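One protein chain, two forms: both are listed below as structure tokens, the first as structure 1 and the second as structure 2.
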Structure 1
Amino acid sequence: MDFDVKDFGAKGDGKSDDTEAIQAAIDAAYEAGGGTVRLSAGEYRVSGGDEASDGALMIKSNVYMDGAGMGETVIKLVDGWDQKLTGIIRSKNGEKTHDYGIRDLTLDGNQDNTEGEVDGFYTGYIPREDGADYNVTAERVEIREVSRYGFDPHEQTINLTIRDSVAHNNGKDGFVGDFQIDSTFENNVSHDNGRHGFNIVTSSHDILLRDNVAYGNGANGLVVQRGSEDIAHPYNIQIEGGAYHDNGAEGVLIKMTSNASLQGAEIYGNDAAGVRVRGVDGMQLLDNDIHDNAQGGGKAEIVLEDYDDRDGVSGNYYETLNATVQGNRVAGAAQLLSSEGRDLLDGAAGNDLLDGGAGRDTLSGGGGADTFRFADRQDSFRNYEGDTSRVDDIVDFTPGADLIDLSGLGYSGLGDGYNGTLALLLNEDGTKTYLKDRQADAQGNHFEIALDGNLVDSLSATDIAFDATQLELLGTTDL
């Protein structure tokens, strides 16, 4: 059978302290080897213990707590509590608790009637040490009015799944995954939180974020970040679907992360850029709908940039690398900058800036007047003796609108390809146009740019900026 807290003396009347009865039900379920602790409809008042790590209710291995539904079963911190409480429901610190979860209930932090930092649901083994909770589940759970963190799974947790859950009106973050491994957040809503809707931090890796919605938060709707500690970066973070809109900061912020992907999401109405990527080694930005961002100021809907933490906790400089930005609808300017490696960068209807950096890159501007910047002669070249092509190709250059920014390369204009000029040439097929420097460097490399189509007769000098003054007069972007 199931274990009913009201059979253990829980009143569920909104005043009596039901902590002991709920914990007795949990302990009885544990003694039998596992089970379900069921709470009928009602408001159950709970309190904490002697220490912060005691939380309020200590859930245990093989024990699931199952209420009557969000707003129907409410576990609410007692009025006047003035003690920091790390997890109204939590597992034990120093124990690798496993195969437990919470279903069909509301956790209420009673922040209006209590003092101190309170978190709703807390998991993990020990900060900074090895060992993990595993097989943790939260389904159809609402966490509200906690002072710091609504859902705060922590270090370490393996195979956590939070689904169909809501976190709202919490102090800092509705959902925060700290060192989650092989974990899934799906079909959740995080809104009206103090700082973040969703926060993936502290070396979390192999995380799926599917069809989540974040709005009304004081900062990012979703942030994937290393954190404030000198620790390993998160990696393998796959965001699919969902919406991140009307937040006080960027819709989606990804910084100091490896192999992150954001696909199929709707990102609009945010105060900062819709998508901001800072020092990410491996970033896929695919088939998103990004519009009407930067509502509190800013010039870009999408920002790709590095992160200089040389004066920070790590002392390192992190370059954004290995970017594939394709298929997005972006109703504004996109700053698509990358570095060494092959990058595929596609703009949208806005006035975009594209620079793939070193390596062989494929650039396309889409609609609007787009600037394609080439900042170094080593960033696009062909070696004829080796018959090796490392030539950036521009897919859809439009001479009447787009601009090639070569202002820092020391070329003076079009010509025969020697002595500071670039030769405008057509391939023998008529399908490709080339801007070629016919002078080889010491390594036998020729600086070249490939443009798909036949542009020998329409591409002119005013389409290329050869120095700083020409860039000043011809610039197509505010970036």
Structure 2
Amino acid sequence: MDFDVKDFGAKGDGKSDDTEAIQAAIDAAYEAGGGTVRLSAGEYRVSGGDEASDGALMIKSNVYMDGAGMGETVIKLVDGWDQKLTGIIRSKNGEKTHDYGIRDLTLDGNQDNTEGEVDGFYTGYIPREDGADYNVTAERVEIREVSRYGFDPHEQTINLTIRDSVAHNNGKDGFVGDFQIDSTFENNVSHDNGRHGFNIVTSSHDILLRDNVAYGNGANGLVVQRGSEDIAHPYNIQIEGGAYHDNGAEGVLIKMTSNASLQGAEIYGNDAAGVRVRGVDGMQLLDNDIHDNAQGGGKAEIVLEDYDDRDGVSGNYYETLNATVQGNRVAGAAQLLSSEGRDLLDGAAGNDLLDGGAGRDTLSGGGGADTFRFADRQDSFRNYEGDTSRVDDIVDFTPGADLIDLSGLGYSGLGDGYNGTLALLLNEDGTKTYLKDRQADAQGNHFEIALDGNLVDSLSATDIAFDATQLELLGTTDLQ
């Protein structure tokens, strides 16, 4: 059954406190078993409760609020409110609220004329307890001028959808997804917020972030992170399309997350790296357009690195693992470092640094002068049985342009492959060129690298750095 707020005494005049009248329509719609609460165009002033957890308006199960449009219907916090208010619209703490939503309206937190932390839209059940809100929809909603978090769906919410919405000029993050599950953020814009455009945090998993745009935020365009507590990391985070540009830090930052994907985005004009990946297990970075980042200083368009939390709350060291970096256009340097397991690392037009770490990795530099680093003799090797897997291959080594950094391995130079030298060998059919250590170590292992193609004639000693002195002289990058 459909309910109009004006029928409950709501004025929408910008001056009268309409909180009770709008909540009356909510409660009547909830008592009918569900329905739509409609708000014609106008500015409805609203106030909070006794506690921050009271929010301002309590949406209920099977209740949807439909305004007359963003800008047309504005729900604005009263002048002078001085109490922390957790959700101008919110579901009840300790209730699994379900099948509710808001559409075509503006939430205005009025931070210029209020004091206290205010969040726009708050969802969820109980922090650190099992249970969830579910089937939650925000469609064409604008949240602005809240002092902290604009869209703040919270622990836990399953099947939250926020689409075609905007968060701007909020004091902290425009969108936070806090322990969101099986949820969708699609075709949203988050801009000119105090800190992050989008912030996916607190164990959120199976999240689609499709065709979102974040610009002009004080910190990240999008950050996906564990957060500050020792809890399960987020995982299964798929970032598809959109644009993360002109933000105060990295365009996209992903850290302490498993199975994350960033594909087909445009990423530019950010003050820090365009993309930064710290301690991510399973990272796919495909077909993105990355340019003109590090505007605030910095040497890298793309940064892959570990996340050392040993001095932090978990006590753990988190490696970036299982990385696939292909198809990107990158107008600047990519630092692509990974660890145990098979990595596929493709640089682009910049002067890139590539290191797949342990395991059988396939590396390519693309354009420019690229350094392929092998930090450990066990990072590319063939074993006693002749198991040729675990041997890295470099797809496109360019003699006179690229560099093989062996400076930490203690080989003296090219030679016959014994006594600390490496042999340069062509395989039987002349399809691959090998650098080989013919001397087995105590475990029977042989350091070996495959260079795809025939380079036995074009490769020279000046294409390999065999010690730190040679690396300082020959290094192609500004990232070592």
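Residues are numbered by position in structure 1's sequence, first residue being 1. Here the rigid core means the biggest group of C-alpha atoms that line up within 1.5 Å when the two forms are laid on top of each other.
With the rigid core aligned between structures 1 and 2, only one of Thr161, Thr388, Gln326, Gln295 has a CA shift of 2 Å or more: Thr388. In the core-superposed comparison between structures 1 and 2, the CA atom of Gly444 travels 2.2 Å. A C-alpha shift of 1.3 Å is found for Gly315 between structures 1 and 2, based on superposition of the rigid core.
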